[PDB]
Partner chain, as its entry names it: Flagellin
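As a starting point, one isolated chain is supplied in C-alpha cells, in the form deposited without the partner chain.
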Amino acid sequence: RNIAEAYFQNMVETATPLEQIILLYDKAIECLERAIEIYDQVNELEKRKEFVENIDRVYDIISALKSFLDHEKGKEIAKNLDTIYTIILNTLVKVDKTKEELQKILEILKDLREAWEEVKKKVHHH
C-alpha cells in the first residue's frame, strides 16, 4: 500500500520532493553497482579505495533515506521501510560482507525504486 506515505502526506500534488527521493535511489543504486562490479579486485589498493568510497555513498544516502522517514504519520508503511533500510545499513557495515549479499540489496533497491517511479506516475495522471 502506497509507499509514498512513508515520506509524504496524502493529498499532495507537488512533485519536487518525490523526485528527490527517486534521485537519491538512483544515486545509491549506481554506487552499489560500481562497488559490486569491483568487489573482487580490492587487493588492488586503487580499486579497494574506490570500493570503500562507493560503499560510504550507499551508506550515507540510505541513512538519509531512512532518517527522512515520516515515522509519526507514516503508519506501518514508514515503519516497514525503516526495517528494510536498517537491514541494508547493517549489511553495508559488516566487515565480512559478501558480494552475494550486496547483489541482493541491489535488487531490493531496484524494486523500491520501481515502487517510487510508479507513485510518481500515479500523481501526474491525477
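Positions refer to the first chain, counted from 1.
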(request) Take the C-alpha B-factors listed in the entry for 101-109 and for 11-19, compute each mean, and give the stretch with the larger one. (result) 11-19
(request) Name the higher of the two by mean Cα B-factor in the PDB entry, 36-44 versus 89-97. (result) 36-44
(request) Tell me, lowest, middle or highest third: where does the Cα B factor of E30 rank within its chain? (result) highest
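Omitted here: the form deposited with the partner chain bound. The next part is about that form.
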(message) On the criterion of a non-hydrogen atom at 4.5 angstroms or closer, are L69, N80 and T83 all touching the partner chain in the bound PDB entry?
(response) yes
(message) Taking the partner chain as it sits in the bound PDB entry, is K49 near enough to touch it, meaning that at least one heavy atom pair lies within 4.5 angstroms?
(response) no
(message) Can you work out whether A64 and the partner chain are in contact in the bound PDB entry, taking contact to mean some heavy atom pair no more than 4.5 Å apart?
(response) yes
(request) Examine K73 and determine whether its closest non-hydrogen atom to the partner chain in the bound PDB entry is within 4.5 angstroms. (result) yes
(message) When the contact criterion is heavy atoms within 4.5 Å, does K27 count as touching the partner chain in the bound PDB entry?
(response) yes
(request) Taking only heavy atoms into account, state which residues of 98-113 are within 4.5 Å of the partner chain in the bound PDB entry, ordered by sequence. (result) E101, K104, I105, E107, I108, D111, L112
